[PDB]
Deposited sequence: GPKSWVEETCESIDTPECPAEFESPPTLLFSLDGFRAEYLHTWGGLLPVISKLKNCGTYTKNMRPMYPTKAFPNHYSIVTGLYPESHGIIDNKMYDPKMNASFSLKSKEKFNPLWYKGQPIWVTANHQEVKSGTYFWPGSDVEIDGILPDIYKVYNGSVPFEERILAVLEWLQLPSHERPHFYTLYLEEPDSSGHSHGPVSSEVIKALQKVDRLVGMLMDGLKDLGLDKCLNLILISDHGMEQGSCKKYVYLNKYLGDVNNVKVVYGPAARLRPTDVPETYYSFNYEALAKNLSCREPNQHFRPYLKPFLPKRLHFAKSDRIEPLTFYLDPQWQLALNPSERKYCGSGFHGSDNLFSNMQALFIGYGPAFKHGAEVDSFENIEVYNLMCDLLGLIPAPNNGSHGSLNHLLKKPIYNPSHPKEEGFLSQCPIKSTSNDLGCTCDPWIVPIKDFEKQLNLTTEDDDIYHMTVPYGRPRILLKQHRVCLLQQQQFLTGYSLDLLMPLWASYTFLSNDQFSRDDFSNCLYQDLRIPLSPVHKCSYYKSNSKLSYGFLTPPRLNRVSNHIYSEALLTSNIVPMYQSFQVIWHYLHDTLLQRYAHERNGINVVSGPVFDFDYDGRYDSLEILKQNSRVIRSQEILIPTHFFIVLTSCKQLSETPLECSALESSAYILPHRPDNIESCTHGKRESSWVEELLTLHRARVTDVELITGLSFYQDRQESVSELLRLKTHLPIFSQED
């Protein structure tokens, strides 16, 4: 009988022919197989359903942005964001090479496009052979290496021939046989484009690839390998239905210009035509502002690339144009109707948290659990996983090694929390006080005389954030209601942590132009009220909100300490004040309290990681005759319990939400004219949600280290991001 007809049985030990010391791994891509195809038509796909039911499955594998074939396939086999592995789209221009990349051109085989270390190169360096029957990058010499058996891409090769060849490769003698294999099919991507994702044609394509996977499995069974092979069935992205009525043309606002080139689609990019001469001198900001807030409920938004949501990690490469566009679901953008393909086809490329962009993942074999359904994870985590299946040490990458251990019968790698590399000190009281220039109102209660586990636990119930910032000088400042990690190198707080219960009340009093000098920290001129007084360029904001006073009735005066302020634009205060005066109270009511950590972010070189000291010094600004460092973003992490009966101080299990809010000196991003503040501030927050791990990378902080969950369980928590359901 066939493999699909056999009953599902646990493979607790690999059942291998004597000529196999261990099971191979096969990575099998079904291009453009959106996660929902299996949600809805699983009854029509018996083979893929058995792999899912007898294996390890997630309803949604999150792809990378932009959700295109080449960036995502290459992310899968490198563990890297496209901005790091260099393949940021199927078509690219590189201003330093002055070259264009495309899939149907000679440049596809130019090794200079492909960065990082794909898994077959990792394997080569560690004496493991590879056999690839198509995979982006696998027919290109990368690090002077090619797969041991590889095929130049040719989409005309019949699907059956591809599967048959891998089955012959598996019969080679040990000294020639690969241990890692790839297979790739162009369906159901092709039918999804030509006829739309919801069509009888896509269904026929799904049935066709399901039959083909069964041909593979039956071949493995014939070879005695169907219980000696770790199968990863995967896709690169999902599929959306495009419309000629949902297509933006920039010539509507710019006129019929030809001095710019637009990469059309849902993740459009813009550069001048006169390159490389004007690639950097072109006035991108003027163009972006001419395209901002032009329509009510505008379905596209221009972004200079450092200002895109950090969760997309789409800016560091010089192949990413300085101007990009963010598109609503189902919408696309081109310069004009002549600079695009057909406007009514299936398409992809959109935000990688859109539901219809989500991808397929099934793991089947000795190493994978049987009948396990796990929460969503990003495809950059798969490289580490394949390294564990193959016995390989991973190259440095963006996956969190160990975060997928719950997919495995017997985890290979036991992860550890990162060490604290900061220099921690106690900050003593200095008895010298200076005039800050403040004009505190009469109802503000002064701190007349300046000169603890329970208080400590209340403020940091999961352990204090750890300082990963190498050799950075930090002292902890304890208050009754919050804890501060204070930077002695920057003279501003790196984080503040406090807990906010459902019944806690906020104060109504004003506290304008009022601060109290923290005698435990060195006094800076940019600590004083007089620095920010009538300062049109810059104001200051608080990390812990002074209106929150759990025990007393007035403004919480300890939150007015100079150790609790950060430089803050007036425009961003609209967001920050609404967040802390309105949203936080509702979230505490919805979540039975929330614990909060917030702080500044400095990522001036837009690489998603904290800046070195030399980078900070280069980006200092003189404002009112003083050097000042203005954060690029502000982060906030909200934690509460899975069970609503528990307060954030007694959680059996954690519920985490994180955000990395851009710190812009206007609110043009939100097109605020005619909108309720309730709507647009919360909409901005949702768009700029992030993984906890994203916050960790960009601040050099590590969270939750005193929790009793295993490190791998905490990595799952910290790598999660909610999908926007359509």
**OP:** Give the ranges of the deposited sequence, numbered from 1, for which the structure holds no C-alpha coordinates, in sequence order.
**Re:** 1-2, 454-461, 737-738
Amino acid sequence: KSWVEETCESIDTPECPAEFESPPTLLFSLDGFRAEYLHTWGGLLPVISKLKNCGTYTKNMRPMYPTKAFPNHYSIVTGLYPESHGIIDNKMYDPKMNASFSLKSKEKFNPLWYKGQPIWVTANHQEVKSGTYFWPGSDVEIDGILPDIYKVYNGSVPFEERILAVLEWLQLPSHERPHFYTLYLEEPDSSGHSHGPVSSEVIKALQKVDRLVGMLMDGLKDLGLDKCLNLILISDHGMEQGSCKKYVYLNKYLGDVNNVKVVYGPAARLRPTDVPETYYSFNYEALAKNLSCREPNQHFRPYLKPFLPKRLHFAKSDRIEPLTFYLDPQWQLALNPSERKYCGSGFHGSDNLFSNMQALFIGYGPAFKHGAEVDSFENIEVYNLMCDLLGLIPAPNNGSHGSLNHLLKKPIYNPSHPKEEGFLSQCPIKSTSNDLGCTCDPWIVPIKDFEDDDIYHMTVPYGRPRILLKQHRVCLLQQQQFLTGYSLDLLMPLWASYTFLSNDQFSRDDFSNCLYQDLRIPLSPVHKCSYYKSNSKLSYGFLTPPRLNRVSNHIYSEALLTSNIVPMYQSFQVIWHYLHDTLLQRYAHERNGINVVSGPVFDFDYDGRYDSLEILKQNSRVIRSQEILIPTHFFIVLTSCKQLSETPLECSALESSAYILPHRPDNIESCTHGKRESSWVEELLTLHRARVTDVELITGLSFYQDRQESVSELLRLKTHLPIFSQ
From here on, numbers count along this sequence of modelled residues.
Original post:
Taking only the CA atoms, which stretch has the higher mean B-factor in the record, 127-135 or 376-384?
Top reply: 127-135
**OP:** Between 642-650 and 571-579, point out the one with the higher average CA B-factor as the PDB entry records it.
**Re:** 642-650
Original post:
Looking at 271, 624, 419, 401, which has the highest Cα B-factor in the entry?
Top reply: 624
Original post:
From 87, 460, 488, 97, which pick has the Cα B-factor that tops the rest in the entry?
Top reply: 97
Original post:
Lowest, middle or highest third of the chain for the C-alpha temperature factor of residue 425?
Top reply: middle
Original post:
What third of the chain, by the recorded C-alpha B-factor, contains residue 322?
Top reply: lowest
Original post:
What third of its chain's C-alpha B-factors does residue 22 belong to: lowest, middle or highest?
Top reply: highest
**OP:** Please place residue 261 in the lowest, middle or highest third of its chain by C-alpha B factor as given in the entry.
**Re:** middle
**OP:** Using the B-factor values recorded in the entry, state whether the Cα atom of residue 441 falls in the lowest, middle or highest third among the modelled residues of its chain.
**Re:** highest
